[PDB]
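these are from a larger complex, still in place; more later:
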Amino acid sequence: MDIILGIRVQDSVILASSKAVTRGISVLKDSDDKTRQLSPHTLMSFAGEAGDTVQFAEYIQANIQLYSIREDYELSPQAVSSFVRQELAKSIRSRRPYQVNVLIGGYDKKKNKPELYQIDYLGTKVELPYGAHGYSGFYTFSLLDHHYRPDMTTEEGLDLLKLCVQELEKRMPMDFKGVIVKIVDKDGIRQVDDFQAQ
Amino acid sequence: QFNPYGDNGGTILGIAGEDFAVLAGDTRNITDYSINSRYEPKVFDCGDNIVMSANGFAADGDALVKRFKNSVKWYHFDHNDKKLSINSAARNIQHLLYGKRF
Amino acid sequence: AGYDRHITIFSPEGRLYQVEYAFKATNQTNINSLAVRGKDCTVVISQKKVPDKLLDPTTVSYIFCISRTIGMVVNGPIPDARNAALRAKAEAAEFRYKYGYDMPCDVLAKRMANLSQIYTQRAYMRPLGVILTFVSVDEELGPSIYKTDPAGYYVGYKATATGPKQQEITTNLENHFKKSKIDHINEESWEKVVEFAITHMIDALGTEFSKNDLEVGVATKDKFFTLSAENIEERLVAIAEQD
């Protein structure tokens, strides 16, 4: 599958997502951004079934942007993650389920704390210091279990991810063509354009 | 279990000349190793100078030709007896066939 | 405003005119009927009037066999009466299918009364201009008479009467029961109960009857049937040899 990683440090949540899009025997694109901004302080990454992936992401984005306009307010990350969980939970029992796994990284401006939510296609939600979907976790959870600390700086977090990506580029069979990294904090969402060699 | 399809054999041939065209077809109709008929027309004049043949599963071939001839008839009714051009018949036939895509 | 008299909505006096007018329709046929309970049977009697000579008398009836055990006599126009009879038959057949036993007289009466109540509350349905008298010999309650009207009302009776001259029959019957002190005719045969019924019908209406002026229905354990002109003549003869 695609690589979806997330880590919550002291004052931010970092999301890392692979850039490859492979169909059968060919790598069709190597600069794919597997993410959608749901609100100024909430980001969602996703991986899974070919078409369902983006269709689900964009559908969720539309609903949150609608809520934002109607209320002139921004839903808390926990609220958004719960909305996303219900949608996936409805889907698993429908005619044709969305086979999509997601990570939701947001900065709650009211609590002033970053939050990371991992939700699989069944509607299974859990809040974690770090998370991953697919095969990635099998190599990264033991790394993070070892090198993670709650008081890490955004910079220490980025060095931790670099370590994770190197392990993935060493042991995983597929060439996922690197990752795109985005930071979510009290000031919003920004993309680290320099990770191809940080 | 029930199989909705069958194979009635037959072969058809169409050749376009500079100012003419031909559509031929054998008249034999079969099922497995038996002959159902030695003379069962498979090529039809549908009006407006158009000839048609839907070869394969005869029941389906008949339904299609029947539906197209009726299409020509309604084309006249709804467009002041305008003649259905060959290119227009082709497109119409595409929608008839794609209507049963599944 | 004045439309509170065309559909079934309340009038300023809390009345339902359409229901009251439906009650008026029940007398349109100018026929009288009465029912009485025997020791182990139930009898219903109704006048039979065939004015037109072109009519086939055998097809003119206001008594219906609803089920093997339930009979029904109607007071009101025949088309609404047949509407009620068809529905009652269907309801009786359905009940037996779903619950495994014969629908009781009082239960069918309640069900029909409820259906009537609905026409009384919903605007698109009109009330049926009829009064239905159901009879039988119930396996649990014994001889039974239950009557329903266009208001959705229903109740059981010891005996009852319906029609233009309903009152005269009713008081006649009341007087007989104040005297006998029992709530039924103490007779073992249904034949004598039919005779009692015809007798009091004559006394109250002050009229004589031929075999073609009456219609009779009888209910016994496991069966309800109607008498033929001849079975009736036999009844008229017997009452004649007493007066």
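Nice, I can see it. Numbers count the residues shown, from 1 in each chain, chains lettered A, B, ... in the order given.

which elements pack onto the biggest helix by length in chain B?
Criterion DSSP state H: the longest helix present in chain B is helix B:58-78. Contacts defined by 3 or more C-beta pairs under 8 Å, 6 or more residues apart in numbering or on different chains; DSSP states H and E place helix B:58-78 against helix B:86-98. To be clear about C-beta, it is placed using only N, CA and C from the backbone, and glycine gets the same treatment.

buried residues in the helix it packs on?
Within helix B:86-98, the residues scored as buried using 16 or more other C-beta atoms under 10 Å in any protein chain shown are B:89, B:92, B:93.

could you give the number of residues near residue 173?
Going with chain A. 5 (other C-beta atoms under 10 Å in any protein chain shown).

other chain: chain C
Neighbours of residue C:173 (other C-beta under 10 Å): 22.

and residue C:1, by the same measure?
There are 5 residues near residue C:1, going by other C-beta under 10 Å.

sec struct for residue C:22, please.
helix (DSSP: H, G, I helix; E, B strand; the rest coil).

ok, the one 5 residues further on next?
Per three-state DSSP, the local secondary structure of residue C:27 is coil.

what's near enough to touch it?
With contact set as C-beta atoms under 8 Å, 6 or more residues apart in numbering or on different chains, residue C:27 has these partners: C:75, C:163, C:164.

phi, psi for it please.
phi -100, psi 0 (degrees, to the nearest 10).

likewise the one 10 residues further on?
The phi/psi pair for residue C:37 (degrees, to the nearest 10) reads phi -110, psi 130.

put chain D onto that model:
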Amino acid sequence: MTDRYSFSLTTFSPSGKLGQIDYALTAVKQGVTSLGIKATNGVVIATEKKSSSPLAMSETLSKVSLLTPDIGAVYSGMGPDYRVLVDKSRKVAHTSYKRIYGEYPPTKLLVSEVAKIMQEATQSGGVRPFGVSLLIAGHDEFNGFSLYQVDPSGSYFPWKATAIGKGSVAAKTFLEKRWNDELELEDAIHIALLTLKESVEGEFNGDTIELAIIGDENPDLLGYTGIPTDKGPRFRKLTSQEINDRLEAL
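With chain D now in place:
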């Protein structure tokens, strides 16, 4: 065919009155009197069996009905409307409560369900309001005994004692004089019989009066033994004989 009456038959008039509800209340006023009195260990509801003919069997017509084993009802107004409301009430007690919680509903909630049914006949398309007022008496573990009144509008209120119908004004006044918060069930039954006597014109006995109570559990009316927690219905209809015995001490 097809009901094309999808609009309300009850609407607001310029003065703010809902005509059809007012008229239904007027129908309730013409109805035979019925009442209810709440004691410390029970509740009594009663009414007159105004037989429409001496040939009619007044017992085959119940004005007092059991809704659940611990809840009963009585009314004033249109008898047929009452009958179907009872059928619906008994059913909703199951579909909206027993089939979900495995136990009968507390009095106030069932009353609430009935009230909802009546309110809907006040706004739904193509219908007229029910022409009745109900007095519902019952008991449930956490609320004890209670008595409620439900009017054509769907409104309902709890009472210590009250009367509805024909001579409700006089009866309510007579109840205000005799009611106190220390009454025992037998006392309330006695008060009920006295109040009802002023409303009755002709014969006054156990065959012309219909009365029921919500009191202690009646293990003899359960139908089976072997389960300690199942003690029987609290609802019980007095017999013609039980009523007469009490009329002699009138």
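
again for the neighbour count of residue C:1, chain D present now?
Residues near residue C:1, counting by other C-beta under 10 Å, number 6.

now residue D:112
Around residue D:112 there are 16 other residues, counting by other C-beta under 10 Å.

gap between whichever strand or helix holds it and the chain center?
Take DSSP states H and E as the rule and residue D:112 turns out to sit in helix D:107-120. Taking C-alpha atoms, centre = their mean, to the nearest Å, the mean C-alpha location of helix D:107-120 is offset from the chain mean by 13 Å.

buried residues in it?
For helix D:107-120, by 16+ other C-beta under 10 Å, it's D:107, D:108, D:109, D:110, D:111, D:112, D:113, D:114, D:115, D:117, D:118, D:119.

which strand is the longest one in chain A?
strand A:100-108 (DSSP state E).

report the distance from that strand to the chain centre.
The answer for strand A:100-108 is 5 Å, by C-alpha atoms, centre = their mean.

check which helix or strand covers the residue of chain A found nearest chain D.
Closest residue of chain A to chain D, C-beta to the nearest C-beta: residue A:93 (22.2 Å). Using DSSP H and E, residue A:93 sits in no helix or strand.

what number of residues are in the vicinity of it?
Burial of residue A:93 is recorded as 9 neighbouring residues (other C-beta under 10 Å).

I'd guessed residue A:67 sits against residue A:79; true?
No: the criterion here is C-beta atoms under 8 Å, and residue A:67 misses it with residue A:79 at 9.1 Å.

tell me how many other residues crowd residue 2.
Picking chain A for this. When neighbours are counted by other C-beta under 10 Å, residue A:2 comes out with 24.

not what I meant, chain D
If you count neighbours by other C-beta under 10 Å, residue D:2 ends up with 6.

chain E should go on the structure too:
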Amino acid sequence: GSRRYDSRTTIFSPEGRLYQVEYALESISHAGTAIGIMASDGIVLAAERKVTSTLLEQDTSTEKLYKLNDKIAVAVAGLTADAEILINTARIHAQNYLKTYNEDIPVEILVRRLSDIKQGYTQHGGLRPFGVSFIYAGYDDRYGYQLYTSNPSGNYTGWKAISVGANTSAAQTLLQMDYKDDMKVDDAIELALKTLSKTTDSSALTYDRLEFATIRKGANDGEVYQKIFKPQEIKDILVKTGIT
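Below is chain E, added to the chains above:
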């Protein structure tokens, strides 16, 4: 056909007014008065019980004050039964929101939803409007203490103090006279009772004719508490404020 008996509950008058709404409001004006006053540390809801008797069980009665949430409540003026219909759907909408977002519903969102339901009966369906006016008292972590009002038309507005039902004109004037932004819940309680006391169409204002409720954030805790006063509690507060 049926068209003959159709009153047409949803049309405009030549003046651009909605007949049924105007008539429902006229109906509301005859119902017991309900008052809502918002303070810095809480909210007060007070209502007069219309029509009463010696035999009315007041302990088990509720005809004007209803709990919608643990944080939101309403005072009712109008047809009680119509109100229960709306109250129940509001209780549902609140639970649906909590299930979706895992957060209690913001007061305005619940108020807007109920108002939209009312507006609907005003534009389509051919049914009569609900003869109800609500005063909503609630608290949420975005605007704190809030007070809203909605009527048959589906229009809603926010207030510092307001009244619905009978004699709102006289009551609104009195409130506008003694209300002060820095007020405190206890001041509000007193203002509410005094106002009802001067507008009652009854002889005197006794406890058996009242329903009282407050929404306070009891300092010794940190959360919001709804207190629907009991008969005895109303009797008490009635004496203290000097109305005996």
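
since we added chain E, can you redo the neighbour count of residue C:1?
Neighbour tally, residue C:1, other C-beta under 10 Å: 6.

please apply the same query to the one 10 residues further on.
Summarising burial for residue C:11: neighbours were counted as other C-beta under 10 Å, giving 17.

which residues touch it?
C:4, C:5, C:17, D:23.

which one of those residues has the most neighbours?
Neighbour-wise, these (other C-beta under 10 Å) top out at residue D:23, 24 neighbours.

ok, that residue to chain E distance?
Distance, residue D:23 to chain E, using C-beta to the nearest C-beta, to the nearest Å: 15 Å.

quick one on the thing from earlier: immediately after the longest strand of chain A, which helix or strand?
With DSSP H and E, the next secondary element past strand A:100-108 is strand A:113-119.

quick one: buried residues of whichever helix or strand comes after that following strand?
Toward the C-terminus, strand A:113-119 is succeeded by strand A:125-127 as the next helix or strand (DSSP H and E). Within strand A:125-127, the residues scored as buried using 16+ other C-beta under 10 Å are residue A:125.

strand A:125-127 vs chain E: in contact?
No: applying C-beta under 8 Å from any C-beta of the partner chain, one finds strand A:125-127 out of contact with chain E, separated by at least 10.0 Å.

any residues touching that strand, and which ones?
For strand A:125-127, contacts defined as C-beta under 8 Å, 6+ apart pick out A:81, A:82, A:85, A:115, A:116, A:117, A:118, A:119.

switch the cut-off to 10 Å
If you take C-beta atoms under 10 Å, 6 or more residues apart in numbering or on different chains as the criterion, strand A:125-127 is touched by A:8, A:77-78, A:81-82, A:84-86, A:88-89, A:102, A:104, A:115-120.
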